[PDB]
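Following: one structure in structure tokens, then a few remarks.
Numbering (the deposited numbering), first residue to last: -6 to 95.
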């Protein structure tokens, strides 16, 4: 049994981790997800003024299957004495400001 609502895509490698701690970083997440498979790259949400994170990040998996397995597990897992959430990366959405109809 299976089905695709969202649509058609193969971007099931980048996982979204939430509920992270103030000490958790790309490094902590790496050695924390290194078991599942072989992380290809990691991204951390930071600013240009403070360059700090709110409590989440995005991890990539060498494969898709490995990622799915990481979610089913890491999902509502226990990290640093906290409950983090894991799920497929949400669909981004950007825009551009410009003059219209004049």
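Where a beta carbon is used, it is the ideal one built from N, C-alpha and C, also for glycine.
Problem set entry | Proximal residues to residue 54 (C-beta, below 6 Å), its chain only, five neighbours per side dropped | 6, 30 and 60
Exercise. Taking DSSP as the reference, what is the three-state secondary structure of residue 82?
Worked result: coil
Problem set entry | Rounded separation between residue -6 and residue 10 - CA only | 27 Å
Exercise. Given a threshold of 16 other Cβ atoms within 10 Å of its Cβ, counted over all protein chains shown, does residue 63 qualify as buried or as exposed?
Worked result: buried
For this session: Let me know if residue 8 comes out buried or exposed under the rule of 16 or more other beta-carbons within 10 Å of its beta-carbon.
Result: buried
For this session: Compute the distance between the beta-carbons of residue 13 and residue 51, then report whether it is under 8 Å.
Result: no
Exercise. Using CA coordinates, which residue listed in 32, 18 and -4 is at the minimum distance from residue 72?
Worked result: 18
Exercise. Mind checking residue 67: buried by the 16 CB within 10 Å criterion, or exposed?
Worked result: buried
Problem set entry | Whole-number beta carbon distance between residue 75 and residue 69, since they are thought to touch under 8 Å | Between residue 75 and residue 69 the Cβ distance is about 11 Å, and since that is not below 8 Å, they are no contact.
Problem set entry | Neighbourhood of residue 34 by C-beta distance below 7 Å, restricted to the same chain and skipping five residues each side | 53
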